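Inside the fold
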Amino acid sequence: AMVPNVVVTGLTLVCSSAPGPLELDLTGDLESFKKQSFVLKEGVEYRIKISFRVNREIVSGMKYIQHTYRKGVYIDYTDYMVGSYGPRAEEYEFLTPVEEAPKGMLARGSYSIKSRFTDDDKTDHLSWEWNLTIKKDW
């Protein structure tokens, strides 16, 4: 240990209709993300791919948590059970089930997400904040 056991290395919005890549480098400057926003066109299916490495010891009950806010109102909580993961050379990938972005004048606009990748030791392997804007078009 000088290296954390679990290092969350990236976040990718998987959308087969997206024009450009939608990816966060989670090994950098986490605060610059709140200053930005990914634009997702309304009513597109997507998944969230989380990249992470395990470095020294097995970690059980890994879980991906998202808190969604809309202009400060708490609007949703979603989690995904990732499972148990051992130390390995290759980094790991987890994908969330398919979700849809909402539609309509009402639902369009900017969302604030607080993410946490945790496990049954309740370890903050990383927490980060990012923004999503739903537009009429890409």
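Here, the structure is the one placed above.
Residues numbered from 1 in each chain as written, not as in the entry; some residues may be left out. Heavy atoms only, no water.

**Side note on empty space enclosed by the protein**
Put simply, the test is: Using protein atoms alone on a 1 Å grid, points that fit a 1.4 Å probe yet trap it form a cavity, whereas open point sets bounded by protein on both sides within 12 Å along at least five of seven lines form a pocket; residues with an atom within 4 Å of a point count as lining. Grid points are joined across faces, edges and corners, and a volume is the space filled by probe spheres set on the points. Any residue outside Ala, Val, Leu, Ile, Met, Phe, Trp, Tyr, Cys, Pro, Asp, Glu, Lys and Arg is labelled polar, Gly included; the first ten of those are nonpolar and the last four are charged.
Using the criterion set out here, one finds one cavity of 30 Å³ or more in the structure. In this structure, the largest cavity encloses a volume near 40 Å³. Lining the largest cavity are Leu24, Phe33, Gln36, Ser37, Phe38, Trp130 and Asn131. When the residues that make up the lining of the largest cavity are grouped by side-chain class, the tally is four nonpolar, three polar and no charged.

**Some words on the nonpolar core**
Selection criterion: We define the nonpolar core as a collection of buried residues of types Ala, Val, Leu, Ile, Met, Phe, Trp, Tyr and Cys that are connected through side-chain atoms lying within 4.5 Å of one another. In this scheme, a residue with accessible area under 20% of its type's maximum is buried, one over 50% is exposed, and one in between is partly exposed, where area comes from a 1.4 Å probe on protein chains only. Numbering goes from the N terminus for both helices and strands, where a helix is a DSSP run of H or I of at least four residues and a strand is a run of E of at least two. Only heavy atoms enter the contact rule, under which two residues are in contact if any of them lie within 4.5 Å.
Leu11, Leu13, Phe52, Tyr64, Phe117, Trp128 and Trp130 are the most contacted members of the largest nonpolar core, which totals 36 residues. At the level of elements, β1 (6-14), β3 (38-41), β4 (45-54), β5 (59-70), β6 (73-85), β7 (92-95), β9 (109-118) and β10 (126-135) are the ones that each hand at least two residues to this core. Not counting residues up to four positions away in its chain, the partners in contact with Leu13 are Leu22, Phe38, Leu40, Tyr46, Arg47, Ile48, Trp130 and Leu132.

**Structural notes on the layout of surface pockets**
Vacant regions in the atomic arrangement are exposed by a probe of water-molecule size rolled over the atoms. Each pocket or cavity is described by its volume, and for the largest pocket that value is around 310 Å³. Along the walls of the largest pocket sit 17 residues, with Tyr46, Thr68, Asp76, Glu100 and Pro102 positioned nearest its centre. Elements with a minimum of two residues in the lining of the largest pocket: β4, β5, β6, β8 (99-100), β9 and β10. Looking at the lining of the largest pocket residue by residue, the classes come out as eleven nonpolar, three polar and three charged.

Without other data, these values stay purely geometric and don't point to any function.
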